[PDB]
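> following this: a sequence and the matching experimental structure.
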Amino acid sequence: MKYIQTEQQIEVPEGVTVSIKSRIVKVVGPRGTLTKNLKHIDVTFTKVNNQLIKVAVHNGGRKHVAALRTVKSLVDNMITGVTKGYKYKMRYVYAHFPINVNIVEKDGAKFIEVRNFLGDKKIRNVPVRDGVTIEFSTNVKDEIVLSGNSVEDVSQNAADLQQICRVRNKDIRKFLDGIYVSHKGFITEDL
Amino acid sequence: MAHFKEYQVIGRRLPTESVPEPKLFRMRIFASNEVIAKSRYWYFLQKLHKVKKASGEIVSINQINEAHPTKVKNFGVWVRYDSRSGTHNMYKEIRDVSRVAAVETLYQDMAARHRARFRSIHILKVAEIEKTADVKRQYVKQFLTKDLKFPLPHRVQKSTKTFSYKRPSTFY
Amino acid sequence: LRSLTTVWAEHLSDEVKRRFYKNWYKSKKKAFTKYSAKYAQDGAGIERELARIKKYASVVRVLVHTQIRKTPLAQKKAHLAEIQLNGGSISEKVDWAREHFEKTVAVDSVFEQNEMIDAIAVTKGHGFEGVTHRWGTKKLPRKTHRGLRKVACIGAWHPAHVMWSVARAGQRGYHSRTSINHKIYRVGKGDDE
Amino acid sequence: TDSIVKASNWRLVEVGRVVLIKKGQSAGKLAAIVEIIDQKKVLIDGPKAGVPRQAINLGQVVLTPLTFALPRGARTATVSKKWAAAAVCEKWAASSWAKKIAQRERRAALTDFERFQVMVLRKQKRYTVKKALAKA
Amino acid sequence: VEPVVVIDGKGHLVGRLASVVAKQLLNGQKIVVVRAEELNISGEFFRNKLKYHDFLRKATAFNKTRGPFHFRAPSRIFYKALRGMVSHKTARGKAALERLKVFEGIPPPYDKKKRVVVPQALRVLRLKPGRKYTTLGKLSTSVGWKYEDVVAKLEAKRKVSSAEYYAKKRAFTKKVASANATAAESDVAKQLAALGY
RNA sequence: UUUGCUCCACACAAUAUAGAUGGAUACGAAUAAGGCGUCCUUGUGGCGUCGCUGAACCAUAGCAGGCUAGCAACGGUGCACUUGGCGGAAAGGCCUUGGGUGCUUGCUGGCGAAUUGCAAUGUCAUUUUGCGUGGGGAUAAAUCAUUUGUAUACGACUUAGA
RNA sequence: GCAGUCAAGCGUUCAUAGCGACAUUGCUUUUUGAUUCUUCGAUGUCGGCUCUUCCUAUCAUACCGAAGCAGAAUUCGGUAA
RNA sequence: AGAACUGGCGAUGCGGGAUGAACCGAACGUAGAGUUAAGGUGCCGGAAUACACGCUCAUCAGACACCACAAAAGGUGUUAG
RNA sequence: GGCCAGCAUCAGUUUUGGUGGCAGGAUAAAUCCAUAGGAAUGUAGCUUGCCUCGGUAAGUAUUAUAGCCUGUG
Ligand SMILES: O[C@H]1[C@H]2c3cc4c(cc3CN3CCC(=C[C@@H]1O)[C@H]23)OCO4
Ligand SMILES: [Mg+2]
Ligand SMILES: [Mg+2]
Ligand SMILES: [Mg+2]
Ligand SMILES: [Mg+2]
Ligand SMILES: [Mg+2]
Ligand SMILES: [Mg+2]
Ligand SMILES: [Mg+2]
Ligand SMILES: [Mg+2]
Ligand SMILES: [Mg+2]
Ligand SMILES: [Mg+2]
Ligand SMILES: [Mg+2]
Ligand SMILES: [Mg+2]
Ligand SMILES: [Mg+2]
Ligand SMILES: [Mg+2]
Ligand SMILES: [Mg+2]
Ligand SMILES: [Mg+2]
Ligand SMILES: [Mg+2]
Ligand SMILES: [Mg+2]
Ligand SMILES: [Mg+2]
Ligand SMILES: [Mg+2]
Ligand SMILES: [Mg+2]
Ligand SMILES: [Mg+2]
Ligand SMILES: [Mg+2]
Ligand SMILES: [Mg+2]
Ligand SMILES: [Mg+2]
Ligand SMILES: [Mg+2]
Ligand SMILES: [Mg+2]
Ligand SMILES: [Mg+2]
Ligand SMILES: [Mg+2]
Ligand SMILES: [Mg+2]
Ligand SMILES: [Mg+2]
Ligand SMILES: [Mg+2]
Ligand SMILES: [Mg+2]
Ligand SMILES: [Mg+2]
Ligand SMILES: [Mg+2]
Ligand SMILES: [Mg+2]
Ligand SMILES: [Mg+2]
Ligand SMILES: [Mg+2]
Ligand SMILES: [Mg+2]
Ligand SMILES: [Mg+2]
Ligand SMILES: [Mg+2]
Ligand SMILES: [Mg+2]
Ligand SMILES: [Mg+2]
Ligand SMILES: [Mg+2]
Ligand SMILES: [Mg+2]
Ligand SMILES: [Mg+2]
Ligand SMILES: [Mg+2]
């Protein structure tokens, strides 16, 4: 029916200033700064006060409105991302061949380099995205950890490592071999 | 069927020796002209009583004008309609400024949503929903909230010459 | 890509000069004889061209020609051609070019041993050629009326048109070919028993 | 480091938003939004300007930046009372819009001779401005 | 109106820009169109990409030369949209088309001349906000066009020089307004006001 | 081969014309956002203002625009010159300097205009070419035939010949 | 000839992994019929040889999902001519 | 393939349905001015890129009778009941 | 008076504007004015609870320091 207006809030925490012109969003806090283009979506932002920003859609349909919230979220995860920051955890899984995972660099690279997957002589590589940093967990067997300010960049880099270790021509129910995402969360602790 | 007027129509079974002064029935009828209105009258009447035009007489036809033509009003509307595969009762709510405007857009809506043309529709009742909160359909309720305001974003001005020397702007 | 100037060296061997003609012996050999004069005045006109090239010019090619007289062929008329110039920087490129005017360039300065090179050339000619050898169509049986180095069915009935995709008698050879991955087994040197 | 968030600052449809009607027997006339009917229709009224109380499409009206205090669904006499009291006409008149409207209506009532005088004047102005545009 | 009308293709919808360009010709109006690479088509990129390959398969079976020709360039995609709206097989049709010129970018003459627009084909006034649409340049580059990068390079160069021009100009026009103001309140000035100027 | 070619200049003569009749009047980018002015901490900054159409801006008066005088300005502008510079996407155009020169309706003057007869496009554009005149400048080639065979049915191709 | 819907059964157990009755909706025009519209002042009225091109309802090959896929092998399905 | 009544084509052009014996409109001496039919009015192409309220986004959308096809069965796409 | 035109006054046909007087109807319906009654998307005031000296909110409260609705004339 088109709703004459629906809207959402985006809270702002003590460390960060978010600043938005046209629909180009910049959020800047303790852990640095991300920016994200919202031009493709047609909402109206409004600052009410340094810890509060509203987003509204005037005279909109379902599919429209239904993107107002995902706008609210995308901009939140920038603000959380720039305060606490994100950390994705992945564990190796193999039933006979140890999965050897290193970090290598050609021409400034940074590549996740997986060897011996299900035996494979082939040497697998996933590029390290910028913003994201990899630390092989001490004190945890076969745990890789990707962390950074962009949820979207770590989550993706994560999913790229996991997918490089898909299994062919086997019952992928019996052959569970892989590198899987085993925990999603934050950098800064007590939270 | 066009731009409606509302008519009171009154008819009654041609008199007879043993029954002089038969009983007189009225219908309010939304039609675009009195000719269509008298037709519609006979149409529903042969749907209710044993008469047809042949053996009956229209007694009086009168246009009824809206009582408060510049009063905004919440209309509850009741309709019977035929679809391709069956027939269906139905209730809509319309907000406008006269029963005559309201029936214009109902016929518009029925046609646009259900592909119902005029022949295939029956007005059961149109009546003014007096107390708000007996308004039931949201797409109406929406327009009763206090201190209502809305922008009209992305303005498109109609160009009057083919060429323009600017690049427009939809500010508003 | 468009060509926007060609700068030429002051003196020009008869060998190339000869290329600019169809009847050398009768001709007044007047080619480039005004251009040559552009060097006279201090250098002015040639520089600004060179100069211009440097300012614009996304690529640079050098005008080289062969010393066919150093060759047992009869044909006297030398061969002239554009060679792209890949060493770095447009401005460095023309400096190189300008520098080598009337000077002479060697193969070893271009090719090394074991290097894979390509060969661009016009294929031998064979003239008007039947379908069977031009396309290596099947010989038709020995019993067949009016010839057998042919194609039996030159097309279905519809499209009621012989089609571009069927073998037909015609010219064979004298085609251009770009052939790749020929390996240099030797770079010989003339002055070298 | 505050936050800085744009604006986008639309004129709104709201009781007591004055609009300039654009089609019809009124047209060029101002008017006030009284009640609001749906997304596309409002009830307008413009007694000072002559325009009858009516229901109208928004499509035929253009929202001005002007607004005054009007109770939703207030009748014509009430509307005339507030309007005058809130002095909207002078307010409108003072605007560049209305002034620009007035301009071109004059331009289009000029006599041929008046037209001729306009040029003789522009010639006059041009002579002294062109000068000043050459001395600093 | 004017001897030549230069149209900034940018932000216009092909078949609407075409439909007006065609008529303009047939009525005697010379036209040039620029930045056809920045022209628009309703429908997401994939739809028009698929559409374009439909166009691609049509060809004279016995000889792909006699057959329909496929030009990949944005100007030329435009001209197709246009030619089809013109009885191009008649003298009168061949005539009108010759009053037309289409171009990727804005090459000389036309970059110092003013370009206009056609509101009844401007995308931002026509398309319902929300609907997906397509840029000619990206479409063409997908079907073979070889020159998107070069046009872009040359344009950014062009856009710089024109920013100087403008700035230089906005400077001068500030002075003018200043002068124009120290002449305000004078008699001649008040008289003109009276007459609508 | 009967003094031919070319560029500038004018002149006569033809031949045309998809259609002059004040001016194609240059940021870019966004459109759920911008332009312009101004300030400042130079920023996704403060403040002010505008839109709602180019219905604008510029130009526009004078025998299709004649001949003349003067004043106030020191401005505008046409033209041929000269100074410095920028433009290669198809630049072939833009900007700047300096004197010279015409015009100026910025204001004020003297003279003229009729009979084209009450309208008749009432002829003011620009295309291409041809012919003499004299101001700069320049003084080839291709083809046939012959010939080669890296080519070829014939043409064509590829060589060669003071 | 080819492809569906319902789902009683089949499949140790388990409708729908793979299948599928009684029914039922379709598509195709290399089957054969039905018709008799064109050709009877004539459209060479078997098959093979050759050779091009096209369709896809895909046998192989590329990459995939699924299985009553442990491996090997196979089967079902997608994008695919 | 064969009957019933009427209207047609055959024997007939003209406008419309791009095209077409039979549909729609309308039946014809030579012409001027007007007005219409059926059918149209973005451009081809005469004629509103008219007004107005809804609906629809299709990685094979849809687009006007005769007419140049689609069905059962399904969708947590969206609309109104 | 041969040819072709312009204007004027009219005639036939037609097309497109301005403007005057009347007739209907619920002797239009509204607006407006008068009067009675009402209610909330509740105007003044009031109470209460936070709250940077009043602003908010949630209560009463039917014209008050806005107004509207409904009938009758
Ligand atoms: O020409 C006739 C047919 C025909 C007649 C003959 C004959 C051969 C043919 C070939 N048929 C193909 C299609 C055809 C259509 C005609 O009926 C021809 O051999 C002796 O006569
Ligand atoms: Mg498998
Ligand atoms: Mg296996
Ligand atoms: Mg009533
Ligand atoms: Mg040059
Ligand atoms: Mg042989
Ligand atoms: Mg062979
Ligand atoms: Mg061989
Ligand atoms: Mg034999
Ligand atoms: Mg063969
Ligand atoms: Mg012509
Ligand atoms: Mg601003
Ligand atoms: Mg600024
Ligand atoms: Mg600012
Ligand atoms: Mg302007
Ligand atoms: Mg003069
Ligand atoms: Mg050009
Ligand atoms: Mg004078
Ligand atoms: Mg001469
Ligand atoms: Mg059953
Ligand atoms: Mg089971
Ligand atoms: Mg069982
Ligand atoms: Mg078969
Ligand atoms: Mg026969
Ligand atoms: Mg025959
Ligand atoms: Mg035959
Ligand atoms: Mg035969
Ligand atoms: Mg295909
Ligand atoms: Mg398939
Ligand atoms: Mg099982
Ligand atoms: Mg698949
Ligand atoms: Mg193939
Ligand atoms: Mg194919
Ligand atoms: Mg009939
Ligand atoms: Mg007969
Ligand atoms: Mg007939
Ligand atoms: Mg016809
Ligand atoms: Mg048809
Ligand atoms: Mg056409
Ligand atoms: Mg037309
Ligand atoms: Mg109209
Ligand atoms: Mg039907
Ligand atoms: Mg269905
Ligand atoms: Mg549904
Ligand atoms: Mg005459
Ligand atoms: Mg008359
Ligand atoms: Mg009248
Ligand atoms: Mg109030």
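Looks like it came in fine. Numbers count the residues shown, from 1 in each chain, chains lettered A, B, ... in the order given. Ligands and ions are numbered 1, 2, ... in the order given.

> show me where chain E has its strands.
Using DSSP state E, the strands of chain E run over E:4-8, E:30-34, E:40-42, E:100-102, E:133-135.

> which residues are contacting the first one?
Spelled out, it's strand E:4-8. By C-beta atoms under 8 Å, 6 or more residues apart in numbering or on different chains, the residues outside strand E:4-8 that reach it are B:163, E:17, E:21, E:24, E:29-35, E:106, E:110, E:113-118. Where C-beta positions appear, they are placed from N, C-alpha and C, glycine not excepted.

> drop anything exposed from the residues you listed.
Using 16 or more other C-beta atoms under 10 Å in any protein chain shown as the burial test, the contacts of strand E:4-8 include B:163, E:17, E:21, E:24, E:29, E:31-35, E:106, E:110, E:115-118 as buried.

> also near chain D: which of those, exactly?
By C-beta under 8 Å from any C-beta of the partner chain, no member of the buried ones among the contacts of strand E:4-8 lies near chain D.

> isn't there a helix covering residue A:66?
Yes - under DSSP: H, G, I helix; E, B strand; the rest coil, residue A:66 sits within a helix.

> RNA strand F contacts on chain A?
Counting by C-beta under 7 Å from any atom of the strand, chain A comes close to RNA strand F at A:19-26, A:35, A:39, A:41-45, A:56-60.

> just checking, residue E:139 touches residue E:41?
Yes - counting by C-beta atoms under 8 Å, residue E:139 touches residue E:41, with 7.1 Å between them.

> which SSE is residue A:169 in?
Using DSSP states H and E, residue A:169 is not contained in any helix or strand.

> separation between the residue of chain E found nearest chain C and RNA strand I?
Going by C-beta to the nearest C-beta, chain C is nearest to residue E:62 of chain E, at 3.8 Å. Distance, residue E:62 to RNA strand I, using C-beta to the nearest atom of the strand, to the nearest Å: 58 Å.

> identify the residues contacting that residue.
By C-beta under 8 Å, 6+ apart, the residues touching residue E:62 are C:159, C:161-164.

> please identify which pair of those residues lies farthest apart.
C:159 and C:164 (10.5 Å; C-beta to C-beta).

> shared neighbours, residue E:139 and residue E:41?
Here residue E:139 and residue E:41 share the contacting residues residue E:48, scored by C-beta under 8 Å, 6+ apart.

> domain assignment for chain B?
B:3-69, B:70-146 (CATH domains of a matching chain).

> what's the end-to-end length of the shortest one?
This means domain B:3-69. Distance across domain B:3-69, first residue to last, is 16 Å (C-alpha to C-alpha, to the nearest Å).

> return the distance of that domain from the chain's centre.
Centroid separation for domain B:3-69 versus its chain: 18 Å, with C-alpha atoms, centre = their mean, to the nearest Å.

> go on, stretch C:127-146?
In this view, stretch C:127-146 has its centroid 34 Å away from the chain centroid, taken as C-alpha atoms, centre = their mean.

> and that stretch with RNA strand G, contact?
Yes - using C-beta under 7 Å from any atom of the strand, stretch C:127-146 comes into contact with RNA strand G via C:135, C:137-138, C:140-141.

> contact partners of whichever helix in chain D runs longest?
Longest helix in chain D, counting residues (DSSP state H): helix D:112-132. If you take C-beta under 8 Å, 6+ apart as the criterion, helix D:112-132 is touched by D:110, E:176, E:179-180, E:182-183, E:186, E:188-189, E:191-192, E:195-197.

> switch the cut-off to 10 Å
Outside helix D:112-132, the residues within contact range by C-beta atoms under 10 Å, 6 or more residues apart in numbering or on different chains are D:106-107, D:110-111, E:175-176, E:178-184, E:186-189, E:191-192, E:194-197.

> how near is the residue nearest the centre of chain B to residue B:75?
Nearest to the mean C-alpha position of chain B, by C-alpha atoms, centre = their mean, lies residue B:103 at 1.6 Å. From residue B:103 across to residue B:75, the span is 9 Å (C-beta to C-beta, to the nearest Å).

> name the residues contacting each of the two.
Shared contacts of residue B:103 and residue B:75 (C-beta under 10 Å, 6+ apart): B:94, B:96, B:126.

> picking that back up, now the buried members of the contacts of helix D:112-132.
Buried members of the contacts of helix D:112-132, counted by 16+ other C-beta under 10 Å: E:179, E:183, E:188-189, E:191-192, E:195-197.

> can the helix or strand where residue A:154 lies be said to contact RNA strand G?
Counting by DSSP H and E, the element that carries residue A:154 is helix A:151-163. No - counting by C-beta under 7 Å from any atom of the strand, no contacts exist between helix A:151-163 and RNA strand G, the nearest distance being 10.1 Å.

> what's the spacing between the top helix by length along chain B and its chain's center?
Counting by DSSP H, the longest helix found in chain B is helix B:99-114. Mean-position distance between helix B:99-114 and its chain equals 6 Å (C-alpha atoms, centre = their mean).

> going along the chain, name the helices of chain B.
Using DSSP H, the helices of chain B run over B:34-45, B:99-114, B:138-141.

> which residue is nearest the centroid of chain C?
Nearest to chain C centroid, counting by C-alpha atoms, centre = their mean: residue C:81, 6.1 Å.

> right, I mislabeled it, should have said chain A
The residue lying closest to the centre of chain A (C-alpha atoms, centre = their mean) is residue A:151, at 2.4 Å.

> ok, it - contacts?
Going by C-beta under 10 Å, 6+ apart, residue A:151 touches A:34, A:73-74, A:76-78, A:80-81, A:85-86, A:88, A:184.

> one more pass at 8 Å, please.
A:77, A:80-81, A:86 are the contacts of residue A:151 under C-beta under 8 Å, 6+ apart.

> and if you look at residue B:59?
By C-beta under 8 Å, 6+ apart, the contact list for residue B:59 reads B:10-12, B:24.

> try 10 Å this time
B:9-12, B:24-26.

> output those residues in a markdown table; the columns should cover distance to RNA strand F and neighbour count.
Shown next, in a markdown table, are the contacts of residue B:59 (distance: C-beta to the nearest atom of the strand, whole Å; neighbours: other C-beta atoms under 10 Å in any protein chain shown):
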| residue | distance to RNA strand F | neighbour count |
| --- | --- | --- |
| B:9 | 46 | 24 |
| B:10 | 51 | 16 |
| B:11 | 52 | 23 |
| B:12 | 56 | 19 |
| B:24 | 55 | 11 |
| B:25 | 51 | 18 |
| B:26 | 48 | 14 |
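
> ok, residue 43 - how many residues close by?
No chain in the question, so chain A it is. Other residues near residue A:43 come to 21 when the count uses other C-beta atoms under 10 Å in any protein chain shown.

> look at chain D instead
Neighbour count for residue D:43, taken as other C-beta under 10 Å: 22.

> without its sequence neighbours, what residue ends up closest to it?
Distances taken as C-beta to C-beta, 6 or more residues apart in numbering or on different chains put residue D:35 closest to residue D:43, at 4.4 Å, once the chain neighbours are dropped.

> just the element for the one you found, please.
For residue D:35, the element it lies in under DSSP H and E is strand D:30-36.

> and residue C:42, how many neighbours?
By other C-beta under 10 Å, 8 other residues sit near residue C:42.

> so it, which of the three states?
Using three-state DSSP, the three-state assignment for residue C:42 comes out as coil.
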